[PDB]
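Asks: Contents of query15.txt (compact mmCIF, N, CA and C atoms and all ligand atoms):
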# COMPACT_ATOMS: atom_id res chain seq x y z
N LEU A 7 5.73 4.73 11.67
CA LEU A 7 5.72 5.81 10.59
C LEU A 7 4.68 5.51 9.54
N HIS A 8 4.32 6.53 8.76
CA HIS A 8 3.21 6.43 7.83
C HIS A 8 3.64 6.91 6.47
N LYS A 9 3.22 6.21 5.43
CA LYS A 9 3.51 6.65 4.06
C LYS A 9 2.37 7.51 3.55
N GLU A 10 2.72 8.64 2.94
CA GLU A 10 1.73 9.59 2.42
C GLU A 10 1.99 9.80 0.94
N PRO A 11 0.93 10.09 0.18
CA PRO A 11 1.06 10.39 -1.24
C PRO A 11 1.84 11.65 -1.55
N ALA A 12 2.54 11.58 -2.68
CA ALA A 12 3.15 12.78 -3.30
C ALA A 12 3.27 12.51 -4.78
N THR A 13 3.45 13.56 -5.59
CA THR A 13 3.75 13.38 -7.02
C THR A 13 5.07 14.11 -7.36
N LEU A 14 5.85 13.52 -8.27
CA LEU A 14 7.10 14.13 -8.73
C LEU A 14 6.81 15.45 -9.44
N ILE A 15 7.51 16.51 -9.04
CA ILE A 15 7.57 17.74 -9.89
C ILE A 15 8.87 17.68 -10.71
N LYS A 16 10.02 17.46 -10.06
CA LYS A 16 11.26 17.28 -10.83
C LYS A 16 12.40 16.78 -9.97
N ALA A 17 13.24 15.96 -10.56
CA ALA A 17 14.48 15.58 -9.93
C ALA A 17 15.40 16.79 -9.79
N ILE A 18 16.15 16.83 -8.68
CA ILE A 18 17.12 17.90 -8.50
C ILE A 18 18.53 17.37 -8.47
N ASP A 19 18.88 16.62 -7.43
CA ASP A 19 20.19 15.97 -7.39
C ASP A 19 20.13 14.65 -6.59
N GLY A 20 21.25 14.10 -6.14
CA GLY A 20 21.22 12.76 -5.55
C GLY A 20 20.35 12.67 -4.31
N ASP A 21 20.27 13.77 -3.56
CA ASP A 21 19.56 13.68 -2.26
C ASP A 21 18.49 14.74 -2.05
N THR A 22 18.10 15.44 -3.12
CA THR A 22 16.96 16.36 -3.02
C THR A 22 16.11 16.18 -4.29
N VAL A 23 14.82 16.32 -4.08
CA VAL A 23 13.84 16.14 -5.17
C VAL A 23 12.68 17.09 -4.90
N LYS A 24 12.06 17.59 -5.98
CA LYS A 24 10.91 18.48 -5.78
C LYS A 24 9.63 17.68 -6.01
N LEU A 25 8.77 17.66 -5.00
CA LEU A 25 7.56 16.88 -5.07
C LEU A 25 6.40 17.75 -4.72
N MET A 26 5.23 17.35 -5.18
CA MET A 26 4.05 18.03 -4.70
C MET A 26 3.43 17.21 -3.57
N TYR A 27 3.33 17.85 -2.40
CA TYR A 27 2.90 17.17 -1.17
C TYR A 27 1.75 18.01 -0.58
N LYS A 28 0.64 17.32 -0.28
CA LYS A 28 -0.64 17.93 0.10
C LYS A 28 -0.89 19.13 -0.80
N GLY A 29 -0.63 18.93 -2.09
CA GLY A 29 -0.97 19.92 -3.12
C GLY A 29 -0.06 21.12 -3.23
N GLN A 30 1.08 21.10 -2.52
CA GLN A 30 2.00 22.25 -2.51
C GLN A 30 3.36 21.79 -3.00
N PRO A 31 4.01 22.60 -3.86
CA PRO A 31 5.38 22.23 -4.31
C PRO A 31 6.37 22.35 -3.17
N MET A 32 7.23 21.34 -2.99
CA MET A 32 8.17 21.39 -1.88
C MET A 32 9.43 20.66 -2.31
N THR A 33 10.58 21.17 -1.89
CA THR A 33 11.84 20.44 -2.06
C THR A 33 11.99 19.55 -0.87
N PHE A 34 12.22 18.24 -1.12
CA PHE A 34 12.51 17.32 -0.06
C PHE A 34 13.98 16.96 -0.02
N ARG A 35 14.57 16.94 1.19
CA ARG A 35 15.94 16.47 1.38
C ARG A 35 15.84 15.13 2.08
N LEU A 36 16.55 14.14 1.53
CA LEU A 36 16.41 12.77 2.03
C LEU A 36 17.08 12.59 3.39
N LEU A 37 16.30 12.06 4.33
CA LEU A 37 16.86 11.76 5.67
C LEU A 37 18.01 10.75 5.62
N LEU A 38 19.00 10.96 6.51
CA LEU A 38 20.05 9.99 6.88
C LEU A 38 21.13 9.78 5.81
N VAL A 39 21.12 10.59 4.74
CA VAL A 39 22.11 10.36 3.72
C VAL A 39 22.81 11.63 3.26
N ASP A 40 23.95 11.42 2.61
CA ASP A 40 24.67 12.52 1.95
C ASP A 40 25.24 12.01 0.65
N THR A 41 24.70 12.53 -0.45
CA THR A 41 25.32 12.27 -1.74
C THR A 41 26.35 13.32 -2.06
N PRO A 42 27.32 12.99 -2.94
CA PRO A 42 28.31 14.03 -3.36
C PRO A 42 27.58 15.12 -4.15
N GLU A 43 28.10 16.35 -4.15
CA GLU A 43 27.49 17.42 -4.94
C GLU A 43 27.69 17.07 -6.40
N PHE A 50 26.87 17.65 -7.28
CA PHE A 50 26.99 17.35 -8.69
C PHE A 50 28.41 17.57 -9.23
N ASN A 51 29.07 18.62 -8.75
CA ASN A 51 30.44 18.92 -9.17
C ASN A 51 31.53 17.96 -8.65
N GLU A 52 31.14 17.02 -7.78
CA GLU A 52 32.11 16.16 -7.09
C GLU A 52 32.10 14.76 -7.65
N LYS A 53 33.10 13.96 -7.30
CA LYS A 53 33.14 12.57 -7.72
C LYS A 53 31.92 11.76 -7.27
N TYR A 54 31.39 10.95 -8.19
CA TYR A 54 30.08 10.26 -8.06
C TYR A 54 28.84 11.11 -7.92
N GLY A 55 29.02 12.43 -7.96
CA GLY A 55 27.88 13.35 -7.90
C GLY A 55 26.91 13.18 -9.06
N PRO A 56 27.42 13.16 -10.29
CA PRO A 56 26.54 12.96 -11.42
C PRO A 56 25.88 11.60 -11.35
N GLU A 57 26.62 10.56 -10.94
CA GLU A 57 26.00 9.23 -10.83
C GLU A 57 24.91 9.17 -9.76
N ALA A 58 25.15 9.80 -8.62
CA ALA A 58 24.08 9.91 -7.61
C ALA A 58 22.83 10.62 -8.12
N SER A 59 23.03 11.77 -8.76
CA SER A 59 21.89 12.52 -9.32
C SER A 59 21.13 11.65 -10.32
N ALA A 60 21.88 10.93 -11.17
CA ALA A 60 21.28 10.06 -12.16
C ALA A 60 20.47 8.94 -11.56
N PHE A 61 20.98 8.39 -10.47
CA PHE A 61 20.34 7.24 -9.84
C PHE A 61 19.02 7.66 -9.22
N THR A 62 19.04 8.77 -8.50
CA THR A 62 17.81 9.27 -7.91
C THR A 62 16.77 9.67 -8.97
N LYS A 63 17.22 10.40 -9.98
CA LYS A 63 16.35 10.85 -11.09
C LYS A 63 15.64 9.65 -11.70
N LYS A 64 16.40 8.60 -12.00
CA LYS A 64 15.82 7.43 -12.63
C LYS A 64 14.81 6.79 -11.69
N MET A 65 15.13 6.72 -10.41
CA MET A 65 14.24 6.05 -9.49
C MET A 65 12.89 6.79 -9.38
N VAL A 66 12.95 8.11 -9.28
CA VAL A 66 11.71 8.87 -9.05
C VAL A 66 10.94 9.07 -10.34
N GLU A 67 11.63 9.21 -11.48
CA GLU A 67 10.93 9.49 -12.74
C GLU A 67 10.22 8.22 -13.20
N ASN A 68 10.79 7.06 -12.90
CA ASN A 68 10.26 5.78 -13.42
C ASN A 68 9.12 5.28 -12.52
N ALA A 69 9.00 5.87 -11.33
CA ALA A 69 8.05 5.37 -10.35
C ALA A 69 6.62 5.68 -10.77
N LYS A 70 5.76 4.68 -10.66
CA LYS A 70 4.33 4.92 -10.80
C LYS A 70 3.75 5.62 -9.57
N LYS A 71 4.32 5.35 -8.42
CA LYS A 71 3.82 5.90 -7.15
C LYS A 71 4.96 6.37 -6.25
N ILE A 72 4.97 7.66 -5.95
CA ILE A 72 5.93 8.17 -4.99
C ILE A 72 5.22 8.36 -3.64
N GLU A 73 5.92 8.02 -2.56
CA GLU A 73 5.38 8.28 -1.23
C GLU A 73 6.43 8.99 -0.37
N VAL A 74 5.94 9.81 0.54
CA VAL A 74 6.71 10.54 1.54
C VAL A 74 6.43 9.91 2.92
N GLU A 75 7.48 9.65 3.69
CA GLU A 75 7.32 9.16 5.04
C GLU A 75 8.11 10.05 5.97
N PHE A 76 7.45 10.85 6.82
CA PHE A 76 8.18 11.63 7.80
C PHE A 76 8.58 10.79 8.99
N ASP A 77 9.66 11.18 9.64
CA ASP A 77 10.08 10.53 10.86
C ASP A 77 9.42 11.25 12.06
N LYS A 78 9.88 10.95 13.28
CA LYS A 78 9.20 11.41 14.50
C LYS A 78 9.54 12.84 14.90
N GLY A 79 10.59 13.39 14.31
CA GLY A 79 11.10 14.68 14.67
C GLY A 79 10.81 15.77 13.66
N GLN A 80 11.79 16.64 13.48
CA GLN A 80 11.71 17.79 12.57
C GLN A 80 11.27 17.37 11.18
N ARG A 81 10.27 18.05 10.62
CA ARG A 81 9.81 17.72 9.25
C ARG A 81 10.28 18.71 8.16
N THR A 82 10.87 19.82 8.59
CA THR A 82 11.46 20.82 7.69
C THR A 82 12.85 21.14 8.24
N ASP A 83 13.82 21.41 7.37
CA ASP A 83 15.08 21.85 7.89
C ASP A 83 15.15 23.40 7.83
N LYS A 84 16.31 23.96 8.14
CA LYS A 84 16.45 25.40 8.27
C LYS A 84 16.35 26.13 6.94
N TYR A 85 16.39 25.36 5.85
CA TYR A 85 16.24 25.90 4.49
C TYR A 85 14.81 25.79 3.99
N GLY A 86 13.94 25.23 4.82
CA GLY A 86 12.55 24.99 4.38
C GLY A 86 12.33 23.73 3.55
N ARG A 87 13.37 22.91 3.44
CA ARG A 87 13.22 21.60 2.76
C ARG A 87 12.51 20.60 3.64
N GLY A 88 11.62 19.80 3.04
CA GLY A 88 10.99 18.69 3.78
C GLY A 88 12.06 17.65 4.07
N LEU A 89 11.99 17.05 5.25
CA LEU A 89 12.93 15.98 5.63
C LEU A 89 12.17 14.67 5.71
N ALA A 90 12.45 13.73 4.79
CA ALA A 90 11.61 12.52 4.81
C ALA A 90 12.36 11.32 4.22
N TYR A 91 11.79 10.11 4.39
CA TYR A 91 12.20 8.94 3.59
C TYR A 91 11.29 8.94 2.37
N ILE A 92 11.86 8.80 1.17
CA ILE A 92 11.06 8.85 -0.05
C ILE A 92 11.04 7.47 -0.70
N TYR A 93 9.84 7.01 -1.07
CA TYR A 93 9.66 5.67 -1.67
C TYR A 93 9.24 5.77 -3.10
N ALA A 94 9.84 4.92 -3.93
CA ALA A 94 9.45 4.86 -5.33
C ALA A 94 8.91 3.45 -5.57
N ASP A 95 7.62 3.34 -5.84
CA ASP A 95 6.97 2.03 -5.99
C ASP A 95 7.38 1.09 -4.87
N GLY A 96 7.36 1.62 -3.66
CA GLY A 96 7.58 0.81 -2.45
C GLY A 96 9.04 0.64 -2.02
N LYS A 97 9.98 1.13 -2.85
CA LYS A 97 11.40 1.00 -2.55
C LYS A 97 11.92 2.34 -2.04
N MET A 98 12.56 2.30 -0.89
CA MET A 98 13.10 3.52 -0.30
C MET A 98 14.31 4.03 -1.09
N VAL A 99 14.20 5.27 -1.58
CA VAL A 99 15.34 5.89 -2.31
C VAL A 99 16.54 6.08 -1.41
N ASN A 100 16.31 6.55 -0.18
CA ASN A 100 17.40 6.85 0.74
C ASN A 100 18.27 5.58 0.94
N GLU A 101 17.62 4.45 1.26
CA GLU A 101 18.37 3.22 1.50
C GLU A 101 19.04 2.76 0.20
N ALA A 102 18.34 2.91 -0.92
CA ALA A 102 18.86 2.40 -2.22
C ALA A 102 20.15 3.11 -2.60
N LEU A 103 20.22 4.43 -2.34
CA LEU A 103 21.42 5.20 -2.68
C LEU A 103 22.56 4.65 -1.82
N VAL A 104 22.30 4.48 -0.53
CA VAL A 104 23.36 3.99 0.38
C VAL A 104 23.83 2.58 -0.06
N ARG A 105 22.88 1.70 -0.41
CA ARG A 105 23.22 0.33 -0.77
C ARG A 105 24.09 0.32 -2.01
N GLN A 106 23.91 1.31 -2.88
CA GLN A 106 24.72 1.36 -4.10
C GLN A 106 26.04 2.11 -3.96
N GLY A 107 26.37 2.52 -2.75
CA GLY A 107 27.62 3.28 -2.55
C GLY A 107 27.58 4.66 -3.20
N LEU A 108 26.39 5.21 -3.38
CA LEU A 108 26.24 6.56 -4.01
C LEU A 108 25.93 7.66 -2.95
N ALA A 109 25.77 7.23 -1.70
CA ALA A 109 25.56 8.13 -0.53
C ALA A 109 26.19 7.50 0.69
N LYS A 110 26.65 8.35 1.61
CA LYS A 110 27.11 7.89 2.93
C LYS A 110 25.95 8.12 3.90
N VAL A 111 25.84 7.26 4.93
CA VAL A 111 24.96 7.57 6.05
C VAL A 111 25.51 8.83 6.68
N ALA A 112 24.62 9.78 6.98
CA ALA A 112 25.07 11.10 7.47
C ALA A 112 23.89 11.85 8.06
N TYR A 113 24.20 12.91 8.81
CA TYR A 113 23.16 13.77 9.36
C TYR A 113 22.15 12.96 10.17
N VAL A 114 22.68 12.09 11.04
CA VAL A 114 21.83 11.27 11.85
C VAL A 114 21.56 11.98 13.19
N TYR A 115 20.36 12.52 13.30
CA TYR A 115 20.04 13.36 14.47
C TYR A 115 19.01 12.62 15.29
N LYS A 116 19.17 12.63 16.62
CA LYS A 116 18.24 11.90 17.48
C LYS A 116 16.78 12.25 17.20
N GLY A 117 15.91 11.25 17.19
CA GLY A 117 14.49 11.49 16.85
C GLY A 117 14.04 11.58 15.38
N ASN A 118 14.97 11.79 14.46
CA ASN A 118 14.70 11.53 13.05
C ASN A 118 15.61 10.42 12.59
N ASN A 119 15.63 9.31 13.33
CA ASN A 119 16.56 8.24 12.98
C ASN A 119 15.96 6.85 12.98
N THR A 120 14.67 6.75 12.68
CA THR A 120 14.00 5.46 12.70
C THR A 120 14.70 4.43 11.81
N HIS A 121 15.14 4.85 10.62
CA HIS A 121 15.71 3.86 9.69
C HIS A 121 17.22 3.84 9.72
N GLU A 122 17.82 4.32 10.82
CA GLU A 122 19.29 4.38 10.89
C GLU A 122 19.96 3.01 10.75
N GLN A 123 19.43 2.02 11.47
CA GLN A 123 20.03 0.70 11.37
C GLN A 123 19.94 0.07 9.98
N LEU A 124 18.78 0.24 9.33
CA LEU A 124 18.58 -0.23 7.96
C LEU A 124 19.63 0.47 7.07
N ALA A 125 19.77 1.80 7.22
CA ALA A 125 20.70 2.52 6.38
C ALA A 125 22.15 2.06 6.62
N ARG A 126 22.51 1.92 7.89
CA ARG A 126 23.87 1.50 8.20
C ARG A 126 24.15 0.10 7.71
N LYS A 127 23.12 -0.74 7.71
CA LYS A 127 23.31 -2.09 7.22
C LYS A 127 23.61 -2.05 5.71
N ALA A 128 22.91 -1.18 5.01
CA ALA A 128 23.15 -1.01 3.57
C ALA A 128 24.54 -0.47 3.29
N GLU A 129 24.96 0.51 4.09
CA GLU A 129 26.31 1.06 3.88
C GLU A 129 27.39 -0.03 4.08
N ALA A 130 27.19 -0.86 5.09
CA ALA A 130 28.14 -1.91 5.34
C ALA A 130 28.26 -2.82 4.16
N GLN A 131 27.12 -3.15 3.55
CA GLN A 131 27.10 -4.06 2.42
C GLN A 131 27.79 -3.36 1.23
N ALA A 132 27.42 -2.10 0.98
CA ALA A 132 28.08 -1.35 -0.10
C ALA A 132 29.58 -1.22 0.09
N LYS A 133 29.97 -0.99 1.33
CA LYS A 133 31.37 -0.97 1.66
C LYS A 133 32.07 -2.31 1.44
N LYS A 134 31.41 -3.41 1.81
CA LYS A 134 32.06 -4.72 1.71
C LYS A 134 32.25 -5.06 0.24
N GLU A 135 31.34 -4.55 -0.59
CA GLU A 135 31.40 -4.72 -2.06
C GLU A 135 32.33 -3.74 -2.78
N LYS A 136 32.90 -2.79 -2.04
CA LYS A 136 33.72 -1.73 -2.61
C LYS A 136 33.00 -0.95 -3.74
N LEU A 137 31.72 -0.62 -3.52
CA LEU A 137 30.93 0.01 -4.58
C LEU A 137 31.13 1.52 -4.64
N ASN A 138 31.45 2.06 -5.81
CA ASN A 138 31.33 3.51 -6.05
C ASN A 138 32.14 4.38 -5.08
N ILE A 139 31.49 5.06 -4.13
CA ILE A 139 32.26 5.84 -3.16
C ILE A 139 33.31 4.99 -2.39
N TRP A 140 33.02 3.70 -2.22
CA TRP A 140 33.86 2.80 -1.43
C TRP A 140 34.88 2.06 -2.27
N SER A 141 34.94 2.38 -3.55
CA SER A 141 35.93 1.76 -4.43
C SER A 141 37.32 2.38 -4.31
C1 LIG B 201 19.74 15.75 6.00
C2 LIG B 201 19.63 16.95 6.91
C3 LIG B 201 20.29 18.10 6.58
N1 LIG B 201 20.18 19.20 7.42
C4 LIG B 201 20.98 20.45 7.14
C5 LIG B 201 22.35 20.33 7.82
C6 LIG B 201 23.38 21.06 6.89
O1 LIG B 201 23.46 22.47 7.34
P1 LIG B 201 24.61 23.22 6.56
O2 LIG B 201 24.08 23.71 5.24
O3 LIG B 201 24.83 24.51 7.52
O4 LIG B 201 25.93 22.43 6.24
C7 LIG B 201 22.66 20.92 5.50
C8 LIG B 201 23.35 19.90 4.58
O5 LIG B 201 22.41 19.59 3.51
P2 LIG B 201 23.10 19.30 2.10
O6 LIG B 201 23.95 18.03 2.16
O7 LIG B 201 21.91 19.25 1.07
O8 LIG B 201 24.14 20.45 1.70
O9 LIG B 201 21.32 20.52 5.75
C9 LIG B 201 19.37 19.12 8.50
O10 LIG B 201 19.31 20.09 9.33
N2 LIG B 201 18.73 18.00 8.85
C10 LIG B 201 18.84 16.88 8.05
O11 LIG B 201 18.23 15.89 8.39
CA CA B 202 24.59 16.46 -0.39
Turn this file's structure into structure tokens for me.
Ligand SMILES: Cc1cn([C@H]2C[C@H](OP(=O)(O)O)[C@@H](COP(=O)(O)O)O2)c(=O)[nH]c1=O
Ligand SMILES: [Ca+2]

Replies:
Amino acid sequence: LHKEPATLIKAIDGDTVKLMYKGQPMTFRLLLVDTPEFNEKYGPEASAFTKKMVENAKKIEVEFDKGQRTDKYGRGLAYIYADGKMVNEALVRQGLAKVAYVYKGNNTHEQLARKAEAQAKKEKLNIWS
């Protein structure tokens, strides 16, 4: 997989962010994760965690997987990095997202994500408390 440049337009919620990619505004939905909705338990904390990660980043990067790059809503599907740290994995490691929506061919980082969930679970963090 390859990391590509993007710039933050605005945080949206725990698992979607608006970025400018190849000069076009796009909503990205993070691969392999599911955060609670803002109205749900840990939803505000998830939104906060992602917002802080992307707003504080000097460099945001988009990494597409091998499969579908847009979902049925027109959202980009990618792993998003903030100064080299994957947001998708970070949310899971903190117990603020579950591994989810794992579809064959867009699952390169599935094992990394599941390993993070296991650790978050063993720690009883947030969703796992
Ligand atoms: C993460 C992801 C979501 N989706 C679609 C599946 C779900 O369809 P449905 O809307 O019919 O439930 C929706 C959930 O996204 P959200 O968790 O943002 O609601 O996004 C993909 O198709 N591929 C993906 O990789
Ligand atoms: Ca969600």

Asks: Using atom C of residue A:132 and atom C of residue A:99 as the two end points, give the distance in Å to one decimal.

Replies: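 Those two atoms sit 15.0 Å apart.
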
Asks: If you run DSSP on the backbone here, which positions in stretch 16-106 of chain A get strand (DSSP E)? Please write them as JSON, numbers by chain.

Replies: {"A": [16, 17, 18, 19, 22, 23, 24, 25, 26, 27, 30, 31, 32, 33, 34, 35, 36, 39, 40, 72, 73, 74, 75, 88, 89, 90, 91, 92, 93, 94, 97, 98]}

Asks: Which residues form the shell of 8 Å around ligand CA 202 (chain B) when you count only N, CA and C atoms and all ligand atoms, given as a ChimeraX atom specification?

Replies: /A:19-22,39-43,50

Asks: Identify, counting only N, CA and C atoms and all ligand atoms, the protein, DNA and RNA residues located within 7 Å of ligand LIG 201 (chain B), and give them as a PyMOL selection string.

Replies: chain A and resi 21-22+35-41+82-85+89+112-115

Asks: Which distance in Å separates atom N of residue A:81 and atom N of residue A:60, to one decimal?

Replies: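 Going from atom N of residue A:81 over to atom N of residue A:60, I get 25.7 Å.
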
Asks: Within 6 Å of residue A:91, counting all atoms listed in the file, which residues qualify if same-chain residues fewer than 4 places away don't, as a PDB file with N, CA and C atoms, in the coordinates of the input?

Replies:
ATOM      1  N   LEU A  36      16.550  14.140   1.530  1.00  0.00           N
ATOM      2  CA  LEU A  36      16.410  12.770   2.030  1.00  0.00           C
ATOM      3  C   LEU A  36      17.080  12.590   3.390  1.00  0.00           C
ATOM      4  N   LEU A  37      16.300  12.060   4.330  1.00  0.00           N
ATOM      5  CA  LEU A  37      16.860  11.760   5.670  1.00  0.00           C
ATOM      6  C   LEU A  37      18.010  10.750   5.620  1.00  0.00           C
ATOM      7  N   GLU A  73       5.920   8.020  -2.560  1.00  0.00           N
ATOM      8  CA  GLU A  73       5.380   8.280  -1.230  1.00  0.00           C
ATOM      9  C   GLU A  73       6.430   8.990  -0.370  1.00  0.00           C
ATOM     10  N   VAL A  74       5.940   9.810   0.540  1.00  0.00           N
ATOM     11  CA  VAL A  74       6.710  10.540   1.540  1.00  0.00           C
ATOM     12  C   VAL A  74       6.430   9.910   2.920  1.00  0.00           C
ATOM     13  N   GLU A  75       7.480   9.650   3.690  1.00  0.00           N
ATOM     14  CA  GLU A  75       7.320   9.160   5.040  1.00  0.00           C
ATOM     15  C   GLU A  75       8.110  10.050   5.970  1.00  0.00           C
ATOM     16  N   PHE A  76       7.450  10.850   6.820  1.00  0.00           N
ATOM     17  CA  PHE A  76       8.180  11.630   7.800  1.00  0.00           C
ATOM     18  C   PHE A  76       8.580  10.790   8.990  1.00  0.00           C
ATOM     19  N   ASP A  77       9.660  11.180   9.640  1.00  0.00           N
ATOM     20  CA  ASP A  77      10.080  10.530  10.860  1.00  0.00           C
ATOM     21  C   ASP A  77       9.420  11.250  12.060  1.00  0.00           C
TER      22      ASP A  77
END

Asks: Can you work out the spacing between atom CA of residue A:64 and atom CA of residue A:26 in Å, to one decimal?

Replies: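 Taking atom CA of residue A:64 as the start and atom CA of residue A:26 as the end point, the length is 17.7 Å.
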
Asks: Restricting the calculation to only C-alpha atoms, which member of A:118, A:106, A:100, A:141 is positioned closest to residue A:66?

Replies: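 That would be A:100, the residue with the smallest distance to residue A:66.
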
Asks: Hey, what does DSSP flag as alpha helix (DSSP H) within chain A? Can you give it to me as a PyMOL selection string?

Replies: chain A and resi 55-68+99-105+122-134

Asks: From the list A:17, A:7, A:126, A:55, which residue is nearest residue A:67 when using all atoms listed in the file?

Replies: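 When distances to residue A:67 are compared using all atoms listed in the file, the smallest one comes from A:17.
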
Asks: If we count only C-alpha atoms, what is near residue A:68 at a cut-off of 10 Å, once residues fewer than 6 positions away on the same chain are taken out, given as a ChimeraX atom specification?

Replies: /A:62,94-95

Asks: Have a look at A:13, A:138, A:33, A:120 and name the one nearest to residue A:87; count only N, CA and C atoms.

Replies: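 Using only N, CA and C atoms, residue A:87 sits closest to A:33.
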
Asks: For residue A:108, which residue among A:24, A:58, A:32, A:12 is the nearest when counting only N, CA and C atoms?

Replies: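 Closest to residue A:108, using only N, CA and C atoms: A:58.
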